[PDB]
Amino acid sequence: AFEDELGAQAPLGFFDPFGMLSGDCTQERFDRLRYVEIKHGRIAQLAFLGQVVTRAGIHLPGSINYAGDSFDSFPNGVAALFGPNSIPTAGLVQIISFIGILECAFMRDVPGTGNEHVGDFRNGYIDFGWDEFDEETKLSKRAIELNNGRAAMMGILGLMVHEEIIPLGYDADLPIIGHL
Amino acid sequence: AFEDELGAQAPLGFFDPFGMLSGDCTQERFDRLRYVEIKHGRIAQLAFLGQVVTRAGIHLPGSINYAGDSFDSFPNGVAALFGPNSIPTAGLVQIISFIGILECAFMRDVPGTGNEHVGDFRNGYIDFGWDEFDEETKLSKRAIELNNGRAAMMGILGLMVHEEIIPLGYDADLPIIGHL
Amino acid sequence: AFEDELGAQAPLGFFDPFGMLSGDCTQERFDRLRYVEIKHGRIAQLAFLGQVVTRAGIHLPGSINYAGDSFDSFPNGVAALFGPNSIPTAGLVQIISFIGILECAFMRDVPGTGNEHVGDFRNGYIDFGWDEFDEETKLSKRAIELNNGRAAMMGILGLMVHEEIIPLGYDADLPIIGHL
Ligand code: CLA
Ligand code: CLA
Ligand code: CLA
Ligand SMILES: CC(=O)O[C@H]1CC(C)(C)C(=C=C/C(C)=C/C=C/C(C)=C/C=C/C=C(C)/C=C/C=C(\C)C(=O)C[C@@]23O[C@]2(C)C[C@@H](O)CC3(C)C)[C@](C)(O)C1
Ligand SMILES: CC(=O)O[C@H]1CC(C)(C)C(=C=C/C(C)=C/C=C/C(C)=C/C=C/C=C(C)/C=C/C=C(\C)C(=O)C[C@@]23O[C@]2(C)C[C@@H](O)CC3(C)C)[C@](C)(O)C1
Ligand SMILES: CC(=O)O[C@H]1CC(C)(C)C(=C=C/C(C)=C/C=C/C(C)=C/C=C/C=C(C)/C=C/C=C(\C)C(=O)C[C@@]23O[C@]2(C)C[C@@H](O)CC3(C)C)[C@](C)(O)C1
Ligand code: KC2
Ligand code: KC2
Ligand code: KC2
């Protein structure tokens, strides 16, 4: 039933190993799964962009504290949030609070606003020209977003794992990025 | 749609900053939110009453243990539940178990019993004369309960925060209640 | 309404102390409760069987690690999973991952497959002859499964509690099984 939905493309086609959509799956279940997948993909895309920017030597100009702790002095990766040399716990809690405010008020599907598909948070408020695209281009953009999100999920998991296995003696000369 | 419901009164009117009810919000969502708000308000009202009674020097007569630990020897506030001089862990676990029994059996909206609104746990079992009040008086009582609950939420949050910031050097001469 | 459902047997009859099905309880709520009860019963039956087999001196032949840690060297009970002499954390995490894979993909009620009642995971895939039984025998088998599951819930709780109270000085010469 969902073998022709978004995300079922070449070369794998419809790829449902664990069988979430097996049987007479309801549209609500697939909508929930696609919402979770798109949310994870967007978060992972942002996380991968952040690690790429930070690890390349690009840091915000200034100090993260009144104490003078410069932005470009903190480590990259999980060591920047959780560790002995991480950013202050106040900064992490404020970041989490901002993300929670976004979750509750901003990055949500408001019913009866004009949203067209799962993951559309536009809400008739912030539109950059979605209606300019025709249907085929719209589907292509949605598929690109979803697949880049899956790739970012895998990449961010790999980056965190590789950073975490370095103290254990598992230091890998990763391609392109190099040593973490 | 919910701008004329209970709790939207002077001077703020309908106050929905985070936009929980924005858009075509369903009645189920508002009922869930109002249930959570009323439950929190009742819990916080009881918590503030407990704070006032305990901090005023009124303690239960006797001892909380067979070992002879008197009721009036334990501290007030968070130090009475979680701390080195708190009540015995068995007492806290029994309190939590009693509250869970209440949650699962007593303080619940039993369907098909005669409940009139969200937060009405009466269940046609314990009534002190609710039907004696007229509709306007009923609405006034419900609004009083809700607003006192919100005030108690903020007050209990303030009391816990002020108790917790005292060891950090943030001791404030609070009005009325004084030093915690 | 649910006083004649499965699980209401002599001598207790319909036993609903906490009043979970009191009032106009929907079939969905009873179905959820029965699903949870059957799942817990099956898990507890497996846990009791495994703990009895392990405590009887029957262990898998070989070693659980490449390091040579034999199966019959680990303790019995909670000390085998969580403790200073437990199985390796890798083994526990892999067991949890296998159970999660089962939860997600295998031990589930796939809609539109032919399942006849709550707790039926057969899904028209693995059938040993369920249709051979008549209606009364089917009800008897389901009731036996449910009641043995409740008995196993109590038994596994008792086994874990008795194992945990031994270091505290509460060592009980339990009947049949003896000292844990
Ligand atoms: C998962 C996302 C994520 C997370 C958790 C972090 C976390 C962190 N970043 Mg970071 N970053 C990210 C994405 C992320 N970043 C992206 C995508 C970029 C590229 C622009 C950067 C660029 C960046 C720089 C240049 C620096 C950091 C730094 C830091 C650290 C200090 C916090 C700070 O100043 O943030 C700053 C965050 C930003 C500048 C960009 C955040 C953008 C977010 C993800 C937007 C997402 C919500 C957005 C409002 C949605 C808009 C919707 C639209 C319709 C309006 C902290 C560990 C600093 C550091 O290393 O100090 C220790 C630092 O110097 N980051
Ligand atoms: C959030 C609610 C709450 C919580 C968590 C606590 C927690 C505590 N209180 Mg306390 N207390 C509360 C509310 C609360 N109280 C209220 C509202 C009052 C005013 C009557 C008191 C009066 C009070 C005294 C006088 C003493 C305590 C003490 C204590 C401590 C020991 C436990 C004990 O003996 O409880 C005793 C609890 C009570 C005497 C009253 C509890 C009543 C609860 C809130 C009823 C709520 C559910 C109820 C069944 C609903 C009925 C619905 C109706 C339709 C039937 C413990 C830290 C003792 C202490 O400090 O020793 C260490 C102590 O001496 N409390
Ligand atoms: C709650 C269930 C449960 C749990 C958590 C454990 C946990 C454990 N068992 Mg164990 N065991 C169980 C049930 C369980 N067992 C049952 C039911 C039996 C009887 C066959 C055994 C027999 C057994 C032996 C003989 C040994 C262990 C050992 C161990 C320990 C090492 C892990 C291992 O080798 O597993 C091995 C697990 C098994 C041999 C059987 C597990 C079978 C599971 C329960 C199947 C459940 C799902 C299944 C696929 C459903 C199929 C449905 C069907 C339609 C296809 C570990 C603490 C070993 C030990 O103590 O070394 C430290 C050991 O030597 N167990
Ligand atoms: C004005 C304003 O405020 O906002 C607007 C601005 C604008 C532009 C309109 C908006 C937008 C669009 C945005 C932000 C789009 C972002 C898209 C983004 C960020 C897309 C890539 C993600 C990451 C991927 C694919 C990672 C793959 C990672 C992969 C495939 C790996 O496995 C990788 C790997 O590393 C390992 C682990 C090991 C090494 O071998 C190295 C490599 C690399 C191989 C917003 C959102 O509307 C907000
Ligand atoms: C027979 C039996 O068993 O039961 C029946 C008995 C009976 C009577 C019928 C029943 C009832 C009704 C009850 C229990 C009603 C209770 C109502 C209650 C308990 C109502 C106030 C709450 C707290 C508020 C408003 C706090 C505000 C706190 C505020 C506004 C603050 O911010 C405060 C502040 O402190 C700071 C943090 C700093 C300092 O500057 C000091 C102050 C104070 C300014 C029940 C429930 O049906 C059960
Ligand atoms: C081919 C393949 O791969 O799979 C198939 C194989 C097969 C056979 C078809 C299948 C099956 C059926 C199975 C596995 C059925 C299992 C049934 C099972 C395991 C049934 C008892 C549970 C435990 C009870 C009742 C415990 C009570 C415990 C009680 C009553 C206590 O309180 C006890 C106690 O200890 C205390 C705490 C203290 C002491 O005084 C000692 C005692 C004992 C008194 C499956 C599932 O379809 C999978
Ligand atoms: C996530 C987004 C975000 C938002 C929306 C946001 C809003 C506000 C507002 C509201 C207008 C104020 C008034 C405010 C004030 C301060 N912020 Mg924010 N802040 C955010 C993020 C961070 C991070 C990451 C850090 C940080 C800090 C500080 C410090 C320094 C305190 C000090 O130096 O003792 C002060 C005074 C740093 C800190 O925590 O220092 C321990 C630091 O690391 N903030 N901040
Ligand atoms: C929340 C409500 C509540 C209920 C409904 C409830 C019911 C019962 C019943 C059932 C009829 C019994 C039989 C019972 C028995 C004991 N209770 Mg309760 N008890 C409640 C609350 C507390 C608190 C707060 C404490 C406490 C204690 C004890 C001790 C002392 C043990 C000891 O001194 O070794 C014993 C023997 C104290 C304790 O935990 O001491 C470590 C203590 O702090 N109990 N209790
Ligand atoms: C729950 C079911 C389950 C499944 C489905 C499953 C699948 C696979 C697969 C996939 C085909 C591989 C390739 C694989 C391989 C290894 N397993 Mg499994 N394994 C399961 C259970 C356990 C347990 C309980 C233990 C264990 C272990 C090891 C070790 C030893 C590593 C070492 O000696 O360093 C290796 C190499 C032991 C261990 O973790 O040792 C620290 C141990 O305790 N495994 N295992």
Side-chain angles (χ1 to χ4, degrees), chain B residues 35-110 119-130 141-180, chain C residues 17-20 22 157 161 164-165 168-170:
Chain B
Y35 185 96
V36 171
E37 181 189 22
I38 287 176
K39 183 161 181 177
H40 275 89
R42 289 167 174 166
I43 293 159
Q45 281 161 140
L46 289 184
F48 184 80
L49 189 46
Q51 295 297 109
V52 173
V53 167
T54 300
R55 267 170 214 282
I58 298 149
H59 284 86
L60 275 170
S63 64
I64 207 176
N65 296 115
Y66 282 111
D69 287 322
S70 182
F71 273 109
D72 69 330
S73 71
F74 294 89
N76 322 313
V78 190
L81 285 187
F82 321 100
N85 315 289
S86 69
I87 67 161
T89 310
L92 173 69
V93 176
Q94 293 173 94
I95 279 170
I96 291 178
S97 310
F98 178 66
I99 292 161
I101 286 170
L102 284 191
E103 291 274 4
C104 302
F106 199 56
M107 312 290 294
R108 57 185 284 263
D109 166 38
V110 188
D120 190 8
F121 294 154
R122 179 171 85 241
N123 288 315
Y125 189 38
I126 301 175
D127 198 337
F128 288 114
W130 177 242
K141 297 313 195 209
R142 294 174 58 204
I144 288 163
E145 166 195 43
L146 191 52
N147 300 293
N148 277 322
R150 304 158 163 168
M153 296 201 255
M154 295 299 291
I156 194 57
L157 186 58
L159 281 177
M160 305 210 273
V161 159
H162 267 288
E163 181 191 4
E164 288 295 325
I165 60 182
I166 282 170
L168 308 185
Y170 277 124
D171 186 274
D173 192 8
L174 284 176
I176 305 169
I177 189 164
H179 292 290
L180 291 192
Chain C
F18 276 10
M20 295 299 291
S22 60
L157 189 57
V161 161
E164 287 295 325
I165 60 182
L168 307 186
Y170 294 107

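Heavy-atom basis, side chains included; hydrogens, waters and symmetry copies ignored. Proteins get letters first, then strands, A, B, ... in listed order; numbering begins at 1 in each.
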Above 12 or not: heavy atoms from other molecules or residues under 6.0 Å from NE2 of B:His59?
->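 Yes.
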Show the numbers, then the answer: is there a side chain to side chain donor-acceptor pair (under 3.5 Å) between B:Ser70 and B:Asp72?
-> CA-CA 6 Å; B:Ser70 182; B:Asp72 69 330; 2.4 Å; yes
Reported [atom1]-to-[atom2] distance for the pair [X] and [Y], which is rounded to 0.5 angstrom:
X        : Y        : atom1 : atom2 : value
B:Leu157 : B:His162 : CG    : NE2   : 10.0 Å
B:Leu60  : B:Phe71  : CG    : CZ    : 5.0 Å
B:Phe98  : B:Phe106 : CZ    : CZ    : 9.0 Å
B:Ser73  : B:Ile64  : OG    : CD1   : 8.5 Å
B:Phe48  : B:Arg55  : CZ    : CZ    : 10.0 Å

With a 4.5 Å heavy-atom cut-off, do [X] and [Y] have their side chains touching?
X        : Y        : value
B:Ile177 : B:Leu159 : yes
B:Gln51  : B:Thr54  : no
C:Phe18  : B:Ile101 : yes
B:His179 : B:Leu174 : no

Could you walk me through whether B:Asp69 and B:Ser63 pass the side-chain contact (heavy atoms from CB on, under 4.5 Å) test, one step at a time?
-> CA-CA 5 Å; B:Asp69 287 322; B:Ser63 64; 5.7 Å; no
Under 3.5 Å, which donor-acceptor pairs link side chains of residues 144-153 of chain B to any protein atom two or more places apart or in another chain?
| from | atom 1 | to | atom 2 | distance (Å) |
| --- | --- | --- | --- | --- |
| B:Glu145 | OE2 | B:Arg42 | NE | 2.9 |
| B:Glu145 | OE2 | B:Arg42 | NH2 | 3.0 |
| B:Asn147 | OD1 | B:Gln9 | NE2 | 3.0 |
| B:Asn147 | OD1 | B:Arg150 | NH1 | 2.8 |
| B:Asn147 | ND2 | B:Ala143 | O | 2.3 |
| B:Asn148 | ND2 | B:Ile144 | O | 3.3 |
| B:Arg150 | NE | B:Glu37 | OE2 | 2.5 |
| B:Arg150 | NH1 | B:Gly7 | O | 3.2 |
| B:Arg150 | NH2 | B:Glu37 | OE2 | 2.9 |

Under 3.5 Å, is there a donor-acceptor pair between the side chain of [X] and the main chain of [Y]?
X        : Y        : answer
B:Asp171 : B:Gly169 : no
B:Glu103 : B:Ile99  : no
B:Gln94  : B:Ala90  : yes
B:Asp120 : B:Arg122 : yes

Validation: residues 77-88 of chain B side-chain donor-acceptor distances under 3.5 Å, sequence neighbours left out:
| from | atom 1 | to | atom 2 | distance (Å) |
| --- | --- | --- | --- | --- |
| B:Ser86 | OG | B:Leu81 | O | 3.2 |
| B:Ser86 | OG | B:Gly83 | O | 3.2 |

What pair of heavy atoms forms the shortest contact from B:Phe128 to B:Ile126, and how long is it?
->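 What the structure gives for the nearest pair is CE1-CG2, 4.1 Å.
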Just do the side-chain contact (heavy atoms from CB on, under 4.5 Å) check on B:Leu102 and B:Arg108 with the steps written out, would you?
-> CA-CA 8 Å; B:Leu102 284 191; B:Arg108 57 185 284 263; over 6 Å; no
Would B:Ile166 and B:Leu180 count as a side-chain contact (heavy atoms from CB on, under 4.5 Å) if you check the C-alpha gap in whole Å, the side-chain angles of each, and the deciding distance to 0.1 Å?
-> CA-CA 8 Å; B:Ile166 282 170; B:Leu180 291 192; 3.6 Å; yes
